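Colleague: Need the 3D shape of this:
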Amino acid sequence: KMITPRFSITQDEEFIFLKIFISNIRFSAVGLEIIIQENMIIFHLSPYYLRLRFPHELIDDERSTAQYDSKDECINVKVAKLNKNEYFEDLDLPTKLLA
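Modeller: Residues are numbered from 1 along each chain as shown. See the structure here:
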């Protein structure tokens with residue numbers, strides 16, 4: 001009833017781009033929880049659960065976006081960095097970003 005999904009993360013100067021791999025889910029008006037707060041992201045789409053801690057802060061605002069991709073079978077989550085141009089280290093070591 002909780003699974004820790006495969007995920008991966010890249011960035012540019014404004015955003016981090018989280019890619020969360022999921023199988024056999026159903027969306028609804030209320031099934032998806034995403035909390036973004038300082039350096040934390042929590043994603044809950046039962047059974048799937050991620051709680052991630054980043055090396056710097058993000059900010060939830062109008063720019064936050066999440067889109068399901070059926071070819072890739074993932075939700076692509078795009079969150080803004082609290083500071084433009086700030087580098088986030090070690091995003092290629094997903095295993096470490098677990099809170």
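
Colleague: What backbone torsions are found at the residue nearest to the spatial centre of the chain?
Modeller: By C-alpha atoms, centre = their mean, the mean C-alpha position of the chain lies nearest to residue 18, the distance being 4.2 Å. Main-chain dihedrals, residue 18, degrees, to the nearest 10: phi -90, psi 130.

Colleague: same deal with residue 15?
Modeller: The phi/psi pair for residue 15 (degrees, to the nearest 10) is phi -130, psi 160.

Colleague: Which strand residues bridge it?
Modeller: Applying DSSP bridges to residue 15 gives these bridge partners: residue 80.

Colleague: With the one 5 residues further on instead?
Modeller: Applying DSSP bridges to residue 20 gives these bridge partners: residue 7, residue 75.

Colleague: Residue 4 versus the residue nearest to the residue nearest to the centre of the chain when sequence neighbours are not counted, what's the distance?
Modeller: Spatial nearest neighbour of residue 18, chain neighbours left out: residue 77 (4.2 Å); criterion: C-beta to C-beta, 6 or more residues apart in numbering. For every residue, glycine as well, the C-beta is placed using N, CA and C. Residue 77 is 16 Å from residue 4, where distance means C-beta to C-beta, to the nearest Å.

Colleague: and if you look at residue 55?
Modeller: For residue 55, the distance to residue 4 - C-beta to C-beta - is 20 Å.
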